[PDB]
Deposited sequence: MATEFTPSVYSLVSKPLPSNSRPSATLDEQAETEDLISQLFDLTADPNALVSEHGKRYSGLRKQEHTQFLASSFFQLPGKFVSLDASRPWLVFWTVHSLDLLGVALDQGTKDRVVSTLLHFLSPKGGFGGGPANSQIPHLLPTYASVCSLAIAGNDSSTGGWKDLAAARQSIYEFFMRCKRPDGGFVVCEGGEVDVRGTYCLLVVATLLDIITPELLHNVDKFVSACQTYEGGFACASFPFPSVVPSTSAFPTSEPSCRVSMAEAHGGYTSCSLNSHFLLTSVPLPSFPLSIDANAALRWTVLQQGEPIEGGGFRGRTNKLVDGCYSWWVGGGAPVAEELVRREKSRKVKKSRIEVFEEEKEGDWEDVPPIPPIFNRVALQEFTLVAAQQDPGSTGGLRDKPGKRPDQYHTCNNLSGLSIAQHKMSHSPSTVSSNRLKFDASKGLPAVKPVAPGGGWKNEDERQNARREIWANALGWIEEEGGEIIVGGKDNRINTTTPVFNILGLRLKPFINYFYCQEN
């Protein structure tokens, strides 16, 4: 009852109040564009002739990804520094779509990424002899390796294991005293960096106290009066948010914060306003006339990519709210049906064409929007919850005598107080990373089971069946 279909609701334009502006003009134009498409398309929930079918066109999307996977035109040079992202968007999408790569192709993926790895530490957006290490390519490369790699000598995981110390040193070189990280040498400082670093550090068991100092404060201070998070915060000789709450930066902030909550440091991490983050999150879901897709900023346009950035943050904000209420002492929190409808009806390329998913009608599909539309779709299809009982079960099976060599800190006392506290940290970080479960019977597949894609994990954004063997390898919990 609490997730009404767009077709069951009244579609009306955002009221003008008799005061027109540039914003409203754009909004009205986008509303018409999305509405017409919904009007031309058959309601996915119904049991009509001439209407366009809204079924997920998985084979078209597979071909779209295949067409760009082995060769890209010269125009893509604008993404030359983001080729690890091109890998991630593709291999993650294929995972979601349930399409397996053969071992030969996976090996090619591994080979490509390993050439992006600098001996100095970290992955770049291209070969090490061409580009310097960067936090974002490092996230994208690591996740891609989790998806396409394995524990054989040509599986790449071995290479990551050996690179743990150097990757750590790269992270420490990026670290700023205020709690932020530069994305690369002399690079910019925002929560994208924090998020990517924390994911990798968590997955590879290279988290230390010196790495995390002030990281929580920098993130907390990014939360704006709206409830969401800006890109960064400024430390006045108090900390102040430097811009609007944004879907992308809200995702990175919520995820970063959540990753920090499983680190057993004292008075760590500094709290955020969970309820406000949840409110902002759910307020970004568009009205029926705009298909129920998410927007990334207040008074901006809905974009299929925020299905992941905003939608994917929903279960995280939700868990933080739950804990916050239990700290003092169920229906869905966003419209899971409408979001799926936006994806099926509006975000898919028109049928019988190039395939792929897009930002909005009128926008070309691309790898980035394909990956993020599908990731968001997954979150809406599957009720993902972080389970304390699952975390407990994980604690009980954890073997602290097994594990890779501890990273050596840059500062003598920058490491854990002692082996006991280190192993306790290892257990907590590992147990919580594997705490996300799919609630049985919580599945909602709009349009029928043929539309079902696989289940991505909140925070990490890789399939659970990829996450577990991967993190278990680096923690030696296989």
Where the deposited sequence has no C-alpha coordinates (positions from 1, in order) | 1-3, 51-52, 243-257, 350-370, 520
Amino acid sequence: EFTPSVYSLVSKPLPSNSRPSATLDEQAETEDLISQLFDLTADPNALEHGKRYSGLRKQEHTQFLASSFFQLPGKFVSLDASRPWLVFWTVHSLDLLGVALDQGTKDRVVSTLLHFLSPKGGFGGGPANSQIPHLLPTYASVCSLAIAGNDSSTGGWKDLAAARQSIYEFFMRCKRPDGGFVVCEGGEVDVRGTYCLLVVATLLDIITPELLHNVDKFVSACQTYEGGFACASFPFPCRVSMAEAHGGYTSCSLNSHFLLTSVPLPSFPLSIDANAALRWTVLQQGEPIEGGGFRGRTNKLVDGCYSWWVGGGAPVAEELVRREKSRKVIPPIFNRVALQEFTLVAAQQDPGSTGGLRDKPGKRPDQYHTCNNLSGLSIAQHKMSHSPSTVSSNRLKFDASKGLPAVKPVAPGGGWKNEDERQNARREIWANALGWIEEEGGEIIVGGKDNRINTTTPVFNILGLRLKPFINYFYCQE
From here on, numbers count along this sequence of modelled residues.
Of 218-226 and 403-411, the stretch whose C-alpha atoms average the higher B-factor in the entry | 403-411
Once average C-alpha B-factors are taken from the entry for 136-144 and 357-365, the winner is 357-365
Out of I453, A425, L65, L56, which shows the largest CA B-factor listed in the entry?
-> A425
Ranked by Cα temperature factor within the chain, is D80 in the lowest third, the middle third or the highest third?
-> lowest
Binned into thirds over the chain's modelled residues, the C-alpha B-factor of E318 lands in the highest
Just say lowest, middle or highest third for the CA B-factor of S387 relative to the other modelled residues in its chain.
-> highest
Please rank the C-alpha B-factors of the chain's modelled residues and tell me whether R297 sits in the lowest, middle or highest third.
-> lowest
Taking the C-alpha B-factors as the PDB entry records them, is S262 in the lowest, middle or highest third of its chain?
-> highest
